[PDB]
Each structure stands twice: as C-alpha cells, then as structure tokens.
Amino acid sequence: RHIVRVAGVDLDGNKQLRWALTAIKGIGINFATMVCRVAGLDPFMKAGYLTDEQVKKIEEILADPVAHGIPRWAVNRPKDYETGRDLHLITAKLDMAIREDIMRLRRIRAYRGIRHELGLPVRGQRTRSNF
Amino acid sequence: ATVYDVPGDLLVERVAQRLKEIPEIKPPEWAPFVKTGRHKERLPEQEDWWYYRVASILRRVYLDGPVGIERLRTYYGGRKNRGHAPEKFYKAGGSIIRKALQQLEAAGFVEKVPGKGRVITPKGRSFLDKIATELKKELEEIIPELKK
Amino acid sequence: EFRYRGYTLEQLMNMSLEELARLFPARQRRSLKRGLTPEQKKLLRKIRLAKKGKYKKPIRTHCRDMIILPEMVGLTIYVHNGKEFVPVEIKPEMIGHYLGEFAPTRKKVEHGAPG
Amino acid sequence: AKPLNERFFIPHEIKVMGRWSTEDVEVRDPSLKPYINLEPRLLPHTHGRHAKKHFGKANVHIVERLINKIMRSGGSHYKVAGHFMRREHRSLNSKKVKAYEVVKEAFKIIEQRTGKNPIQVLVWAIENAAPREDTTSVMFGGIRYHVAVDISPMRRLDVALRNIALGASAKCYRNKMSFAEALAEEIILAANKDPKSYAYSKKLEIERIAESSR
Amino acid sequence: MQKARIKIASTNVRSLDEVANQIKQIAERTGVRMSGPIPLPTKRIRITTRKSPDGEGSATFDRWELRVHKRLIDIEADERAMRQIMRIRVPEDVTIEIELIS
Amino acid sequence: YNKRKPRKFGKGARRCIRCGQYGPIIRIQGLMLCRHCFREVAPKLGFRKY
Amino acid sequence: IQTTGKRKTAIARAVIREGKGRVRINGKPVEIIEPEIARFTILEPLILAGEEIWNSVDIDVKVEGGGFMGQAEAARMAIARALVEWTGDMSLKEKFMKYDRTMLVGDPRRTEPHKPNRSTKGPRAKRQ
RNA sequence: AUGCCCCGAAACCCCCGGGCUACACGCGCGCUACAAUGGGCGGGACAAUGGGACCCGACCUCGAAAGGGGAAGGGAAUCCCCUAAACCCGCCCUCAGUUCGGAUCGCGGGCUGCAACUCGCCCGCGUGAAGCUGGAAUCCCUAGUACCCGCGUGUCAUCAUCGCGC
RNA sequence: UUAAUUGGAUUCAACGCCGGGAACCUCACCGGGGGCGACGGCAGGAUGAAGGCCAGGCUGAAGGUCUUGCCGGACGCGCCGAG
C-alpha cells in the first residue's frame, strides 16, 4: 500500500514503520519504536503491507498507552492538566492542550505568559544581538 | 582456553545464543521501552539487546571480578550531545544493569560479595571457558596460528 | 466551568494540602513539601483572616515566589516588583503558578533612533 | 574478523599494506627515481623525525606521503568551484587510523578495477600528474615581470600528491558517494591522462600560463 | 612480628633527607632491620591566577606550585630503637607520623 | 536588624583576608585569600617559580 | 630475560623465555587484537628477525599507559629489545637499525605543557 | 597603603524586593550547525593535571534519571573520584535539508540552596529553527608541532560553550 | 529602553576583560522603610532609658510607628567642633 492512513494521518508505505509513524504530529522516532515493540511487529518491516487490523491495533495503543506496557512516563504530558493521569498527546489534542496552557499562562499574566504574549525568551535566554 | 584466548566480540556473540536457551535470563516488561543508556540519543535497533547486555556483564565479571552497579554504568556510559554545547560523556542508566545482575545472581553464574560487587562462580567460569574452548577450536582450523 | 486535574475550585478547596500539592508541578509541590518561610506563613494568616473578614486592610506583599493556592481565589493583593506593589486579583485559574510571575519587573523595551 | 587475520598473515613476507609486494613496481621518469622510496615495510607509519631533517621526507614510503596528503585535506583559503572542502564530520586530522583503513579500501577498489598492482597505477598517475613549468615575479627598477620557471622534482611530487588528494576530497565533499570511491575514481583518471581528473586539469592549467610568460 | 611504619613529610628536600639519614644511622646503630627509606610520590599542588589586577591587559596567568615530599620507613619492633626516635630533632618543616602494624 | 544575614554558601560566604574583595578567593587547603593578594604573599609562602 | 619499553606514556615490561612460539599481550594472543594496525605494529619487529626465532621463544608482555597505538608500539619496542638481548646477534640489531632507528633507541618525545591564552586546544593555540 | 576634595543621621549602616541576563541592529571571541567518516546495536585496547571529611564516596537495593534507604575504606602510592576519549571490528539504515542537528513550546520527576518564571542544571516526552559550503576581505602556526578527541582541578551548592593543566 | 541593566576598559595596548561563578548577598543601579552622630563643648540627669514587651491600626513586614500598660536599673536625647 503506497498510502497507509493511521489515526487519520496518511503515511508513505515505502518508509519503515518506525519511520512511518513519525509522520504523525504526536509520534516520534522513540515513540514509534516503542509502539512497534508494543505491537510486536518488526519496526524494520515496511509500512506498505500494514493491514487495517494492525492500524486499529496502533490506534487503540495510542488510545490508552499505559495499559499496553509503555510505562507511565514515555508520554509527553504525564499527569495531564485536566485529569491528573498519564496520557499521550497527538496532533489536534496536542494543539488544543498547548493553546489551553498558553491561554492559562496569559490569563494568570505570568512572566512566562508575558513573554508568550509577544515572543521572548521564557527560560533565561539572551537577545542583545541574538534572535 | 580461557576468555583471554578468544576475541571479545565473538565470545559475546557466542555466549548470547547459549544464554537464549536458559529461562532465568529474560528481559523485564519495561526493557524495550527504555534505551540502553541515559546518554543514548536513541533506542537500540534490534530486540535481542537485553541478552547481549547480560552476556556482556558476565564477561566483565569473569575478568574484573567483584563489580558494582555504578562502575557498570560508567563503562556502559557514552558520549552524548548537549545541544549547542559540545559532546560530553555520561553514565548509562542503572536499572537495566541492576536487573541484569540480579537475574544473573538468580541464575547462579555470579555471587554477591557485599561491599565489593559480584564475582564469578566456578560454574560461570566453566560455562565461559567451555565457550572459549569451542570458539578457539573453531578459529584454529581457519587460523592455524592459534594452535600455538 | 473551571477544571484542574479533574477538580473544580471548591473540589480543590475541600481537600488538605497533600494531594493538593500532588496536583502541582515538581517546582511547586516540592517547595510546598519543604515548608514555608516565617513571612509566607504570616502572609497566609493575613489572607485567611482577610477572607474571614478580620483583616480589612488592603493587603500588600513582596513574596514573589509565593505559590498561589485555590484558597486565595477571589481576593485582590498587591505584589512588589521593586518599586511599587502592583495590584493583582486571584481567579480560579491562577492555581499552580507563582505570584512573582504576575508583576512586570522590567518595563517594556522599545527602540529609538540610533546614535 | 577473518579477512582481517588473513590480511594480517599474508604480509608476513615483508609486504606493504597486506599485498602488492613492491618489487614489481617501477619508476619511469628519471626525476622521481632518487626521490620515491620503495623500501619494504609492513606499515606506512614511521612517526619519524623528518620534520627534523631538511630533506628527510624523501626517505618516507610513498603511500605514507599519500596518507599524509589525504589527512591534510579540509578547509582553507583554497577555493575552487566555489566550495568549502571542510570535514566537520569526523575530521581526518590526526586520525591516521582512518587514513589507513580508508586508503586500504581505496587501494582494494583499484585492485578490483584495474586488475593490476594499484601501486603501479599510483606511480603512473603521479608521473602523469606532475607539471613541468610554473611562473614567478621578479622586478628590476620596481617594474615587476613574470618569468617562467621549472619546478624542482620534490615540489613536483608534492603538488601532484596534494592535488590528487584535493581532487578526491572535493569529489567526496557534499556528495552521495564515499571518500574511498572518490580517491579510487580520481587516481585511475589521473593514471591515463584524462582531463576529467582535477589532478590532470590542474597540472595542465599550471603548466600553461608559464607557456606564455616566457 | 611487628613493624612500625614512619611517615616523614616535609616541603624541604634537604631537611627530609637529613631526618631520613638520622633514622638510618639510628636503625643501623640499634641493630634493627629497617626497611630503607621509600620516598612516596611527591605532591605538586598547583593554583592558577590571572596577574592583571584590574580588568585590562591581555589574558596573562601564572601557576604557583607547592612541592611536598614524603618518605616511608618500615622498622622492625625494637623498643630500644623506638625510644630513641622520640629524641630526633624534627625541623619545623618536617613532620613524623608513626603507626604500628602487626 | 542591622546585621548582614549569615551565608555559608555562594560568593558572599567568602571575603578575602587581606583585601576584603568578595570575588576571586582561592581556598585550596583554606588559603582564604584573594587572587590579587596572592602575588605579594606567594614567595614568602615557600612557593618557588620553576 | 626482562626488557623495557618506554613510549610517550606507554610502559611495556616484556619477559622472554624459550618456548613454542607463543607471544601474548596482557594475556591476549597477538593475532586476535581487533585493531588491525596495532596488530601490524606488534607483528613487525618479529617479521624481519626471522620465522625460526618467531617459533623458538615465548614472550609475555604487559603494557600499561598510552593508547592502543601507544601500547602496541611499546610492545613493539619491548619485543625489539628482547630479541637482541636474547639472541645477542649483532646482525639482527644492525638490520633493525636499517629498518628503523627507534626500535632500540626509541623516541623520547612527549607532549609539551599547555600555556595561557586558550590553553585547552593546545600550548600554542591563541585567540584571533 | 595612599594626598586633595565632598557628605556626615546623608553619599553612614541595615531590611525587603527589582535589576545586574533587559533589545528593531552591529561588534570580538568561543560552542553548535551545515553528513555518509556517518544515525544505530554489541565488543576491545587503551592516561594524566590532580581532588577528596558536612568530602570522595566504593558497595547493596528502589526509581528511566537526577536522586531515595544503609554503609566499607580514605586527613591519602594502600579507598573513592574513575569512566578516559580519539579509534577498529560482526551487522542494519543508503544521501534526503533526512536515519544530521537541536533552538523553541507545555508537561512529569530529581537536585541544590530560605527562595531558581525574572533567576540554574539534569532524566525524558509530541516537539525540534536557520544550515544543501558563505562575496571582496581577513586571523593563527611552523615537530610530536598544528589539528582531532577526551579528562579533571581552581573560581563553585546551581549556573562556562569561561579558563587552566594533563 | 528601563528603576536597573552599576561602572570601568578603546585600535595594536577594550570587548569568554574586571566577574578567577549575580535567584538575599554579590551592588558599585533603582524604590521603599528602620537605626544609631563616637569623644568632647552647650543642655537634660536618679525627675527614672536610650533595651525589649504583648492585643492590635500604619508597616511587604518588625514595640520600627502609634492607642494600650509596664520594668531593667542605669547616664544617655539633641546642636557645633570632630566623627
């Protein structure tokens, strides 16, 4: 399969699966490799022969990552702001969560939020000749 | 023939496939989801990396005798990039090698000396020098100069 | 409505500080674990009394590293940035962030003609 | 590690690299016979005090000189075709073991390409890539003028080696194919007088100009 | 058997050698097997400091060093030989620490 | 109120013996001395240039 | 017979006795050391000496310090001294000198002390 | 140390906080980054300046890790720091702004110190910027030297890509 | 630009320099507050502190400030010279 769509995001089957999953905004190289280990399939094996049952296997792996053997910490937002549990964040949900955090820091008027109001160094970076 | 008389890489490759058979050495549930070292920028590629770790450790215990977790972290440590800073050395994670050594102790190949580390039992030496004798016999026909 | 780790303002209020800190980041939870200075406890007593109604003074403060708790929601306090005590008001959304983030210590830097 | 041990036991009979015993190699041009060293050594790595000897670089083995000129190649004011020949990716400087293995594999590629002694191909390329004339500026009364000059053979082999190395390195740089391939292509081009070689082209262009500056 | 390990530490080479000579002649006069003086590695403590007092001038620093030398003497148990070492004239730059080892 | 706070840590925890500058203070074996002060005191300290 | 080797920081102690031909480097056979160039440096001193003397003696060498290049070259130095001391053959020393001047003399060169003004990159490395 | 002049409940002292790191550009020097040596897996030969008592901390165990619980030895050739690195091999990936590089965002955890968003670092995570070799112009060096690579000590709890020594 | 990015350093001979380590400190910059003038001359003195003391309003805040009520037993407010 030249085009293989997983989680609504199309990928090229020519790439290896560990590389194919990275095309999604919300899976990295490390994350792709460990979810490949979760699925038990060889990460080297190309993505073009991915039957839809394995696509759903990956979809429901992303649906609940902790129960699949991936520890509680490999997710990008453990102790999620609105549940207190560990959940992985993908694509649109990551967009909404990051915007909610940005609007959070703004409405509290934090220095972090203040630098996010105009685009400046939040963690001590200098801009005399830089940026 | 001992571990001294054989190449280390070939000895490790030979020992791993023999350790495959025994059930005591097994990766834990969390092994594949954690890269072999803190310093590492990537996860290991193949799925057998756990056994190669254990097969490595025993060889060290054959030669370096009583060894602790921290020194194994230091030897298994490596060079990591710090970003726009240069590249620097760091020690590997400790939990992986701790589980490996604990499984090895449960296998009986090594014994714990408190305050000093873990040393190699008579059985471990027998297994390793049997492996080394087989490897040296294998390499003798291809390289006759190893007969000496 | 307001949500924080699955708990609203009052749901956060009814519980003690232990899990309430377990909901906070490392930098906040750990600092709360290691205790509060003599002037943080005094200011907390001041604001608790003010919320009760005993302390009717307009409350000024200087503790910039004071972590906002849900109990402080709904009150106006003046925090020091170096010159004056800028006023701030605590809404339910302030939870989990320091007070010193909320005062401009540096005024805006704009650009005039070069020399 | 079996081909390694084979290449370790083959040169027991005093042989350079692992193979290609240098008795069959020959020198054709009369200028390079008393300046190219065909001494029998297993390794081209002497660590010698030739920097402490005025003319003690001639006693070094030829392929040791080639390894040097290979490990001197990245980054300079030397700008050709608008290209910064720079190795920010494991620079060859002081890493003579890479400058041993890469050269060994390159010479292997030559052996399987030409089917002959690659050292013979190398000496033929050196002879074909050595220029014969150059220029200098001299002034009487402050009026400068260009005068044709003929190079000392030591500087001829120096420029030939450095130029071959630079051509190979430029071929490698910012390019898909590897450095051993670059050297292997370059020296075989230089052997049989193809202008496609950067070495031969540079020899021709430096031999010219001096033609008209007489 | 018992043997005393004597550590003689000094910054001055000549005073340390003089004390070692005194212990040597004491041991050979007292008829006691004395394992000859073993000088341990000399320590070179080094401190680097910039020389410009103000913030100007090119970056110029100097390394100031202290060289301290140490000797070890294993002398067999002879209480007659051990009473007399307490009469050794120890220079101010030399210090002696004697321990007993079975 | 008129007393500086004790400081066991940081640069402020060290004020040189001689010149009293709060900046460079080498404490190798506890010299407790400023860098600019070491030049007048090194030769008398048995230090020797080699 | 005991022999020495000093190279940079590589110190080699070699001991040569009559034997089948076994030569071992810190207990490791000569043929198995994975760096090939180090193996060749270790092999070189006994090549030109002759195959008879290669098979006539056993030498055990312990080399500490330096790199694997330094250790291999110090083992080379120790073997070079051991061959001449054992055989005592002037011709062997003479042809060793022809092949190389440092196989019994050695190289006393070392690394020079670093100096202020960007010492880290080297002694003579200065600012632009 | 230091003349002259000034102030003298301030220009004395102290407390708190802020800043000391703010930026539409330029400057000097360094670090990274512009691949195919390579990204990755395993193995191996390999040092020293030196440091170490609220210190080195071996060593056991929990945690991915920072670190949590206990503790041998060491006031230093005897114990720890501590591994060195460069590099070679058995093998996968096969040249694209990616199998490079990570800024940058938010979250989790650990540290120190009263307190690190201003005002630190680390263990990670979705995250990963320009960069596909740079113009005239111009800096340094001359034998184990230049360069590559790594290491620790001093300033120090944190902070340097500082600096020094090896 | 700011309250502050303290100031110094000017091509060689300033710019990984003072800083050879800025979250209090570092501070030399800014805002705010508190406290003593030593030793004398003039003056008060045991006629009762100048040191601290709760409850509190101002104080970020602290018997600093003041309503409150007081002792500890003693030489200490203040102007000028001079600190």
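Residues numbered from 1 in each chain as written, not as in the entry; some residues may be left out. Chains lettered and ligands numbered in written order. Part of a larger assembly, values for the part shown. Heavy atoms only, no water.

The deposited coordinates, according to the entry record, derive from cryo-EM at 3.2 Å resolution.

**Q** It is not clear to me how the overall build of chain C should be interpreted in this structure. Could you clarify?
**A** When helices and strands are counted, chain C shows 4 helices and 3 strands. Listed by position from the N terminus, the elements making up chain C come as α-α-α-α-β-β-β. Each principal axis of the C-alpha distribution contributes one length, and for chain C these read about 60 × 30 × 30 Å. The 115 residues of chain C split such that 35% are buried. (Helix = DSSP H or I, 4+ residues; strand = E, 2+ residues; numbered from the N terminus. Buried < 20%, exposed > 50% of the residue type's maximum accessible area, 1.4 Å probe, protein only.)

**Q** I would appreciate a short explanation of the protein's contact with RNA strand I in the present structure.
**A** Not every one of the 45 residues close to RNA strand I is listed here, only the nearest: C:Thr105, E:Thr48, E:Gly55, E:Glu56 and F:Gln21. Sugar and phosphate atoms form 66% of the subset of RNA strand I atoms that lie within 4 Å of the protein. At 3.3 Å from a sugar or linking oxygen of RNA strand I is found a main-chain nitrogen or oxygen belonging to C:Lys108. In this structure, a sugar or linking oxygen belonging to RNA strand I sits 3.0 Å away from a side-chain N or O atom of F:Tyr1. Secondary structure elements with two or more residues in the surface near RNA strand I: α4 (38–52) and β1 (60–61) of chain C together with β2 (34–50) of chain E. Residue composition of the surface near RNA strand I, by class: 9 nonpolar, 16 polar and 20 charged. (Near = heavy atom within 4 Å. Polar contact = N/O pair within 3.5 Å; in protein donor to acceptor, adjacent residues only side chain to side chain. Nonpolar A, V, L, I, M, F, W, Y, C, P; charged D, E, K, R; others polar.)

**Q** Help me understand the protein's contact with RNA strand H in this model?
**A** Surrounding RNA strand H, one finds 194 residues, the nearest of these being B:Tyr75, C:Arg30, D:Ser178, F:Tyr1 and G:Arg118. Within 4 Å of the protein, atoms of RNA strand H come from sugar and phosphate in 72% of cases. Within the backbone of A:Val122, one N or O atom sits 2.7 Å away from a sugar or linking oxygen of RNA strand H. By residue class, the composition of the surface near RNA strand H is 56 nonpolar, 60 polar and 78 charged.

**Q** What exactly am I supposed to notice about a nonpolar patch on the surface here?
**A** Residues and elements named next belong to chain D. On the surface, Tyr 35, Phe 55 and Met 154 cluster together into a nonpolar patch covering about 290 Å² of accessible area. On the secondary structure map, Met 154 appears in helix α5 (residues 153–172). Relative accessible area serves as the criterion here: at 31%, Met 154 is assigned to the partly exposed category. (Patch = residues over 30% accessible without salt bridge, like charges linked within 9 Å, V, L, I, M, F, W, Y side chains within 5 Å. Areas by Shrake-Rupley, 256 points an atom, 1.4 Å probe, with all protein chains shown as cover. Salt bridge = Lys/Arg side-chain N within 4 Å of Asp/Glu carboxyl O.)

**Q** What should I look at first to understand helix α4 (residues 91–107) of chain A in this one?
**A** Three- or four-residue spacings in an α-helix give side chains the same orientation, since the helix completes a turn every 3.6 residues. Residues and elements named next belong to chain A. With 17 residues, α4 should cover 24 Å at 1.5 Å per step; its first-to-last C-alpha distance of 24 Å lies within 8% of that length. Buried residues of α4: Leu 94, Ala 97, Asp 101, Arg 104 and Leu 105, and no others. Looking straight down α4, one finds that the buried residues subtend no more than 90 degrees of arc, so they occupy a single side. Residues of α4 that are buried make contact with α5 (111–118). (Expected span 1.5 Å × (residues − 1). Arc of directions from axis to C-beta. Contact = heavy atoms within 4.5 Å.)

**Q** What is the right way to look at the packing of helix α1 (residues 8–19) of chain B against helix α5 (residues 122–142) of chain B in this model?
**A** Between two packed helices, both the angle of their axes relative to each other and the distance between the axes serve to describe the pair. All names here are of chain B. α5 packs onto α1 with a crossing angle of 120 degrees between their chain directions and a minimal axis gap of 10 Å. Taken together, α1 and α5 sit at an angle that is classed as oblique. Judged by the sense of rotation from one axis to the other, the crossing of α1 with α5 is right-handed. Seen from α1, the contacting residues are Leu 10, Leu 11, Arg 14, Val 15, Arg 18 and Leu 19; seen from α5, they are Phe 127, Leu 128, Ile 131, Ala 132, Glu 134, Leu 135 and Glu 138. Looking at the contact of α1 with α5 residue by residue, the class counts come to 9 nonpolar, no polar and 4 charged. (Axes fitted to C-alpha atoms, helices over the stretch in contact; angles between N-to-C directions. Parallel < 35°, antiparallel > 145°, perpendicular 65-115°, else oblique. Left-handed = near helix turned anticlockwise from the far one by under 90°.)

**Q** Just checking my understanding: could you explain the interface of chain D and chain G for this structure?
**A** Counting from both sides, the interface comprises 21 residues of chain D and, opposite them, 18 residues of chain G. Carbon and sulfur atoms make up 62% of the area that chain D and chain G hide from each other, which totals about 1900 Å². At the junction of chain D and chain G, the tally comes to 1 salt bridge. Between G:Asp107 and D:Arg49 there is a salt bridge whose closest N-O contact spans 2.6 Å. Our enumeration of links across chain D and chain G arrives at 6 residue pairs in polar contact. Looking at the side of chain D that touches chain G, the elements with two or more residues in it are α1 (2–9) and α3 (98–114) of chain D. Top element by residues in the side of chain D that touches chain G is α1(D). It accounts for 5 residues. Its residues placed into classes, the side of chain D that touches chain G shows 10 nonpolar, 6 polar and 5 charged. (Buried area = accessible area lost by both parts, 1.4 Å probe.)

**Q** Would you mind going over the sheet that holds strand β2 (residues 76–80) of chain C with me for this structure?
**A** Pairing between sheet strands relies on hydrogen bonds along the backbone, with the strands arranged either parallel or antiparallel. All names here are of chain C. Strand order across the open sheet formed by 3 strands is β1-β2-β3, with mixed pairing between neighbours. This sheet does not close on itself; its edge strands, each paired only once, are β1 and β3 (85–89). Alignment of β1 against β2, held across 2 bridges, turns out to be parallel. Its bridge partner being in β2, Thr 61 is matched across the sheet by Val 79. (Pairing = 2+ DSSP bridges.)

**Q** For this particular structure, what's the right way to read the interface of chain C and chain A?
**A** Interface size is commonly expressed as the accessible area that is lost once the parts come together. Between chain C and chain A, the residue contacts involve 17 residues of the former and 17 residues of the latter. Summed over both sides, the interface between chain C and chain A buries roughly 1500 Å², with carbon and sulfur atoms accounting for 47% of that surface. Broken down residue by residue, the surface that chain C buries against chain A is led by C:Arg5, C:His97 and C:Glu101, which jointly contribute 39%. The tally of links from chain C across to chain A stands at 2 salt bridges. For the salt bridge of C:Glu93 with A:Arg107, the shortest nitrogen-to-oxygen distance reads 2.9 Å.

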